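Here the structure comes first, spelled out in structure tokens, and everything after it is commentary.
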Amino acid sequence: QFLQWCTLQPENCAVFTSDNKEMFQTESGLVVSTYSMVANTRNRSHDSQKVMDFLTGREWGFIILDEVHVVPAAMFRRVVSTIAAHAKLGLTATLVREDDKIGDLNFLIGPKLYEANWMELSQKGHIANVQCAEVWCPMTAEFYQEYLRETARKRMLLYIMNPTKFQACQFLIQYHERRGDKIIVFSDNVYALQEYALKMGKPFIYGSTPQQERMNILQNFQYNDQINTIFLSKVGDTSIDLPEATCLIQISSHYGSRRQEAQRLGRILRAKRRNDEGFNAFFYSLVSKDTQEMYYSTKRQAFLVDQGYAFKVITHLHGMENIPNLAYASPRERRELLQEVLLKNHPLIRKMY
Amino acid sequence: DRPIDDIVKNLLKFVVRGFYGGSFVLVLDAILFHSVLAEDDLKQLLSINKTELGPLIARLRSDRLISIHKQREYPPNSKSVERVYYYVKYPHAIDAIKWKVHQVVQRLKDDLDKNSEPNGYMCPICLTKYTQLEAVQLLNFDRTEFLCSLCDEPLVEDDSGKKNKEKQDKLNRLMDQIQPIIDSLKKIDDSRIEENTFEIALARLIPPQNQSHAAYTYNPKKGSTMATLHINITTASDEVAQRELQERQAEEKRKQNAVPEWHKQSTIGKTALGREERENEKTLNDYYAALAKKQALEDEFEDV
Amino acid sequence: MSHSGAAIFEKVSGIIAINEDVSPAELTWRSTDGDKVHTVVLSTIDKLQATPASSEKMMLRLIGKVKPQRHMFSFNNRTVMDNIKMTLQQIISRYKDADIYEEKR
Amino acid sequence: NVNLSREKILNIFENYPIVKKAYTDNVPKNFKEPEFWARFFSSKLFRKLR
Amino acid sequence: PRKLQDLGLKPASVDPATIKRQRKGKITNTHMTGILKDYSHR
Ligand SMILES: [Zn+2]
Ligand SMILES: [Zn+2]
């Protein structure tokens with residue numbers, strides 16, 4: 001983005017990463033690095049120690065802290081001390097944390113200089129107009145009994161893995177695929193992500209997936225018309241490159257993470273079809289009824305309603321009985337799915353060795 | 001074809017007809033007619049033995065009127081040989097003509113200048129020359145005759161200066177004969193020529209024989225470091241149908257952009273989601289007739 | 001130069017020429033020694049098969065309409081390949097359009 | 001692909017009489033309307049008139 | 001081609017070539033081997 005938008009030379013630009021560690025030889029320029037590399041208190045390599053010596057010994061004029069919400073962390077905090085910068089600009093979309101340490105940014109970086117009005121940007125067309133909805137999935141009797149008679153870690157997986165959310169997600173996938181939408185289905189639970197993806201015949205990307213397979217699946221999502229839905233784990237929340245998406249379905253979440261909720265909303269807020277009149281992107285949060293997921297979903301949406309978004313509650317999807325292939329409709333298959341969810345949890349001497 | 005190609009063809013034809021024999025004329029005219037030509041092709045057209053074309057090809061290569069390519073192919077009978085292709089390199093050939101005729105003029109000037117210094121003398125007994133500068137070291141005591149240093153014989157007069165007018169006449173007769181050459185050089189230096197090679201020369205080939213063992217397809221190697229227009233004519237009646245089809249596509253766009261029911265209207269009150277013209281035209285025709293009476297092997301495939 | 005070239009037909013060398021002024025258009029292949037003359041009338045041509053420039057041996061296949069008729073033209077230079085295939089593609093596009101619109105009419 | 005209606009091609013007919021003279025001696029004698037229009041649209045005459 | 005201009009004549013030839021010339025990793029998405037397509041270009 002620097003080399004594209006501004007008249008900065010590649011000889012004036014430098015990158016401090018694992019593969020790239022050479023620095024600019026001019027008297028001034030650009031260096032882009034990561035918080036973990038800068039604040040790595042571990043025993044770093046000699047050349048990276050030399051680069052850190054260069055960064056510390058130079059008096060920097062400007063620092064851009066991208067995703068400044070992670071700055072108040074335990075030792076991401078010290079990157080504003082180890083780098084003596086005259087000006088510090090923290091750029092973010094999600095200025096929330098689930099602890100009270102978000103207010104330490106007034107002492108780390110500075111005061112809250114600017115907040116964008118997301119509704120004003122949406123009505124000016126700078127970001128997409130999203131229809132935020134919360135889809136209530138009533139649990140079955142057997143899954144609710146098992147949800148009551150388990151501890152919290154099994155309870156999480158058991159309200160995620162209910163068949164009603166399978167049916168609602170499958171119906172929404174079919175409906176928006178008929179409408180011609182690029183759909184991202186976010187779920188932090190890896191087992192739930194894989195089970196939904198194998199049940200629905202759509203590709204899934206999570207942490208242990210190889211990078212070449214991830215790039216191939218993302219290219220298929222961007223260009224292939226038969227691949228209109230991708231299932232993403234928490235790899236999709238962090239700043240990775242994603243294709244243009246207009247529909248999003250949130251199956252599971254990481255407790256009441258408002259930052260993750262707004263980061264998921266941001267993946268569809270930048271849709272290309274904003275210039276089309278009457279276009280609307282769609283956000284769905286599929287939540288099991290009468291569980292702690294409702295509590296966590298309200299906690300997550302508390303930040304998005306501060307931005308102006310209204311989450312319409314959907315207790316009924318018209319067409320849930322007319323869908324031909326409904327996942328886990330039969331009681332015997334529901335019992336089988338319950339059983340799977342419950343059963344989830346001197347050089348010569350060297351030849352000896 | 002191209003006018004500069006015509007001029008260089010006539011220049012090569014003129015120089016091979018002037019400074020070269022008839023067999024050279026035949027070979028170079030075959031090269032100018034068929035753009036590339038292998039040895040069997042020259043044999044088939046000209047009925048010329050390999051030993052007879054030997055001096056011909058050797059002279060034409062040593063003057064660079066033609067050049068050779070050493071490409072071997074793979075015929076279906078697998079009796080491949082490293083055959084040779086003969087073609088013409090137009091810019092190198094014309095540059096060779098300019099250099100040859102230019103330096104020929106240069107040492108013709110040198111020869112007439114050497115004639116233009118006075119003749120000197122030569123000794124008939126020893127067959128050695130002695131110019132006027134060193135003959136005066138060899139004059140006698142009687143101061144009348146130049147005597148040879150070895151033979152002791154009176155030096156006789158040479159003829160370097162009596163033939164100066166003859167050399168000037170020969171120069172003139174060379175020039176008026178080579179006037180077409182210089183005119184062609186002026187035209188091809190005023191205009192711009194394409195530097196052709198074997199690969200370029202394959203483009204305008206007229207083939208020489210049917211059962212040719214020489215295959216003109218080029219074989220590239222690695223490691224050597226030495227659209228369509230379609231129309232839609234309509235009778236202006238189906239254009240209304242096409243406008244209707246574009247309107248149709250507009251309402252499928254409307255259902256692409258349509259707001260869903262569960263977003264447009266509240267879902268609280270609903271249940272929880274879970275498991276005859278022919279004959280009257282004949283009468284018109286009859287009435288019109290009555291009125292008128294009243295006035296009266298498989299390989300790669302590509303979709304191209 | 002665009003309508004003339006050298007090619008190999010049935011492992012026999014000859015000259016390919018485009019007769020476009022005549023209706024219907026023709027490709028005439030003449031044997032250089034006068035042994036034979038092959039003609040292709042372009043109205044009864046369905047499709048053309050070509051080979052990419054990465055391929056070594058250059059074939060051009062003509063498939064006609066009614067057992068379909070198949071013709072093979074072995075080529076030598078890529079410029080002859082290019083101009084022959086683009087002239088042929090344009091004229092068979094015109095003839096296909098004419099056949100389709102006469103069927104529709 | 002391009003769309004050619006009757007009023008459209010007639011508009012070519014009055015605004016360019018040279019195309020009309022090309023039509024008259026060619027379409028009932030040698031070759032037909034769609035391939036004639038393809039030849040004309042691929043010709044230099046269309047570019048020079050445009 | 002580079003001596004004709006030394007001699008003063010215009011060289012019709014350019015200087016020749018003699019003077020100065022030059023994985024597959026593992027797939028986790030095993031349920032659509034053959035449904036996804038390769039995209040080496042945009
Ligand atoms: Zn003597
Ligand atoms: Zn060198």
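Note: ideal-geometry Cβ built from the backbone for every residue, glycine included; neighbour counts use all protein chains shown. Where a number appears in this text, it was derived from the coordinates with a stated rule and is not lab data.
Quick rundown of the values:
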{"item": "Residue-averaged beta-carbon neighbours from other chains (10 angstrom radius) around A:278-286", "result": "2"}
{"item": "Cut-off under 5 Å, modelled amide H: who pairs with B:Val36 long-range", "result": "B:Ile206"}
{"item": "Inter-part distance where segment C:90-105 and segment B:173-211 are each reduced to a Cα centre, Å", "result": "45"}
{"item": "Rough spin-label spacing in nm, given labels placed 7 Å along Cα→Cβ, for B:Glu199 and D:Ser42", "result": "2.8"}
{"item": "From phi via Karplus (6.51, -1.76, 1.60), per-residue ³J(HN,Hα) for segment A:319-326 in Hz, x at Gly/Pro", "result": "x, 6, 9, 8, 5, x, 9, 9"}
{"item": "Value at 222 nm in deg cm²/dmol, rounded to 500, when DSSP H runs of n ≥ 4 in chain C each add -39,500 (n - 2.57)", "result": "-9000 deg cm²/dmol"}
{"item": "In segment A:251-345, trypsin sites (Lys or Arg not before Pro) in a DSSP loop with at most 14 other beta-carbon atoms within 10 Å", "result": "A:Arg270"}
{"item": "In segment B:179-224, the GluC sites (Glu not before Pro) that fall in loop regions by DSSP, at most 16 other Cβ within 10 Å", "result": "B:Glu194, B:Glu195"}
{"item": "Rough spin-label spacing in nm, given labels placed 7 Å along Cα→Cβ, for B:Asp183 and A:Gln339", "result": "10.6"}
{"item": "Where labels lie 7 Å past Cα in the beta-carbon direction, separation of A:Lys154 and E:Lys26 in nm", "result": "3.0"}
{"item": "Shape parameters for segment B:1-117, alpha-carbon atoms, Rg then Dmax in Å", "result": "17.4, 69"}
{"item": "Average other protein chain Cβ within 10 Å of Cβ, residues B:262-268", "result": "6"}
{"item": "Pairwise FRET efficiency - E:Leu7 versus B:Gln168, Cβ, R0 = 30 Å, nearest 0.05", "result": "0.75"}
{"item": "Rg(Cα) / (2.2 N^0.38 Å) computed for chain E, rounded to two decimals", "result": "3.12"}
{"item": "q = 0.16 Å⁻¹: log10 I(q)/I(0) that the Debye formula gives for chain B, counting C-alpha atoms only", "result": "-1.29"}
{"item": "Shielding score for C:48-56, defined as the mean number of other chain Cβ atoms within 10 Å", "result": "4"}
{"item": "Nonlocal amide H pairs with A:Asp66, under 5 Å, H built at 1.01 Å", "result": "A:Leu91"}
{"item": "15 Å cut-off, amide nitrogen to a point 7 angstrom out along B:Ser116 Cα→Cβ, residues in segment B:165-193", "result": "B:165-172"}
{"item": "Ranked A:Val341, B:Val36, B:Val25, criterion: other C-beta atoms within 10 Å, fewest first", "result": "B:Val25, A:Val341, B:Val36"}
{"item": "FRET efficiency for B:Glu252 and A:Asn12, using Cβ-Cβ distance with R0 set to 41 Å, rounded to 0.05", "result": "0.20"}
{"item": "Coil-residue trypsin sites (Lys or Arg not before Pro) of segment A:128-216, DSSP, other Cβ within 10 Å capped at 14", "result": "A:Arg149"}
{"item": "Estimated D of chain A in µm² per second, where Rh is the Kirkwood radius over Cα pairs and Stokes-Einstein applies at 37 °C, 0.692 mPa s", "result": "143"}
{"item": "Distance from segment B:1-55 to segment A:251-326 (C-alpha centre basis), Å", "result": "84"}
{"item": "Per-q log10 I(q)/I(0), the protein assembly as shown, q = 0.09 Å⁻¹ (Debye; single scatterer per alpha-carbon; no solvent)", "result": "-1.12"}
{"item": "222 nm mean residue ellipticity, helices alone, for chain A (DSSP H n ≥ 4; -39,500 (n - 2.57); rounded to 500)", "result": "-10500 deg cm²/dmol"}
{"item": "Under 5 Å, built H, 5+ apart or other chain: amide partners of A:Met139", "result": "A:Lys289"}
{"item": "Gap separating the Cα centres of segment A:1-29 and segment A:154-220, nearest whole Å", "result": "38"}
{"item": "Förster radius 45 Å - calculated FRET efficiency between A:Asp290 and A:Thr41 (Cβ-Cβ, nearest 0.05)", "result": "0.50"}
